[PDB]
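This document starts with one chain, in the form deposited in one PDB entry, laid out as structure tokens.
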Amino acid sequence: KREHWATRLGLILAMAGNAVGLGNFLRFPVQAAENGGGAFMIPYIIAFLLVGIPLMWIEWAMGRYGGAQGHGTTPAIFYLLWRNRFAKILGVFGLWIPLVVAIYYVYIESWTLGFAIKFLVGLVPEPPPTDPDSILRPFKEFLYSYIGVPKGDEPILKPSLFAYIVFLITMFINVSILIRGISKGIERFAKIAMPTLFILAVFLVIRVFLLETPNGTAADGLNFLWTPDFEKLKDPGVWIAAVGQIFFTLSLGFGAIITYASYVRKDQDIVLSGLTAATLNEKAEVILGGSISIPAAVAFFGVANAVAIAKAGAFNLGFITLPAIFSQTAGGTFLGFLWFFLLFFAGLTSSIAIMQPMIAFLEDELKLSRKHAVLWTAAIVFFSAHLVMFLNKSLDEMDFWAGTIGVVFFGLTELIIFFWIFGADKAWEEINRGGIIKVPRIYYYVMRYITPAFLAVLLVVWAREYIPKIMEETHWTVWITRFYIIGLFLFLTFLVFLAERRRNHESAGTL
């Protein structure tokens, strides 16, 4: 019938690995530092309670429900919940979003492997022996030469040969896990990766906590991040950033939680399991991810400079600043290795999660073998990634449409289909069925009224005071990426159409 997670621990760690990734260690620090630190945290915590938790339960429920009938992806699941052809089309986003995100996420993940390798072997810049630019410049040049940032006017990137080869290796590693399946692949790997990730992260926090310079200490960083600023609570931008981060960090709206949950046995609890996966992610994000790069940057440069660093380049903090700071300490190159190794495992456990939806669709709906499903998915991602590797800003365009606005739109869509169309009481029943614990009574009202209203308002503000600038103030090359990803949606819709026909073909054979 269908693969199933072998153990409860395996399920929890696989789901935790799905969630805990580059978003916790790279994205969170930038969003927080960029939005006033503590001022960002209030909306963040509220978004977690009003959006993160409820949507997590909903996605687990939708996945388990679909899995019981042999379906793990939204084109089919949405249809099961709402037998309307439009359900299948909306469901395509559950394949498109994770695919598009994988197309750039796996490449960023590959940079962490490449950096881990170079730092391990000591092929790193030799900063000069205390002028900040003289210290940071060598590391900025290191990153820029790796990914091939434009030195001229052309919006073209020229990745180093090493970077390209490392992306290939990274794709191979993802495949090596996925090709073994759910219990012998993803689950087995999670039991090894998560413990390693936790240990590495705790160690790094401890080392960072020992940092002190004439400019400050790690403590100043924590105070910056954990001191409330009730005067920003009225800024939509902060709310948009906070909600966006919650979706991204919890893997919500990517169809990934849903697919993983489709392997949970029909009787199995999802209330406690889902809540645990969610809380584990938040601890890894605010306690671990929040305690590494920000405190380190603030300790060495002070708050004002740390904040300016993050705003200047989203990848500055994790790929340039932290390694530069580490280089000023004994054994700093090895500490850099540990940081990038941590990022790699965090990324790896998440990228396999966003490639599994396409794999599940090809297996469940087009009946391909796991081997063929995994290889074709890898081929599509590998090929498509060339756009992200060679066209400047393609990555940002994909991250916006699929990884930012896309997931919020899809989150609202799945909630409406499950809690409104399918039926609020049928949905509530499905969520709580088999639960080790019941979902708190108040959450019924949050899921049915609060969450959808919250997201609806957010999306309207996004499309009215932000999306116009992205459509009018960007370089013309953004249309190359938009064109390509719209094509991917077209192709995936064609596959759903073919799945429909095979099912009809197959039914007229069941007759």
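Basically, rigid core = biggest C-alpha set you can superpose within 1.5 Å across the two forms. Numbers for residues come from their place in the sequence shown, where the first is 1.
The protein also exists as the form deposited in another entry; that form is not presented, and the subsequent description refers to it.
**Request:** Kindly specify the one residue in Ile89, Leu143, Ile240, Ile177 whose Cα moves by 2 Å or more between this form and the one not shown, with superposition done on the rigid core.
**Result:** Per the superposition, the moving residue is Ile240.
**Asked** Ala314: CA shift of at least 2 Å between this form and the one not shown after core fit?
**Response** It does shift by 2 Å or more.
**Prompt:** Once you line up the core, how about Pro452: does its CA shift reach 2 Å between this form and the one not shown?
**Reply:** Comparing the forms between this form and the one not shown, which are aligned on their rigid core, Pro452 does not shift its C-alpha by 2 Å or more.
**Message:** Using a rigid core superposition, assess whether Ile42 undergoes a CA shift of 2 Å or more between this form and the one not shown.
**Reply:** Yes; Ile42 is a residue whose C-alpha shifts (by 2 Å or more) between this form and the one not shown when the cores are overlaid.
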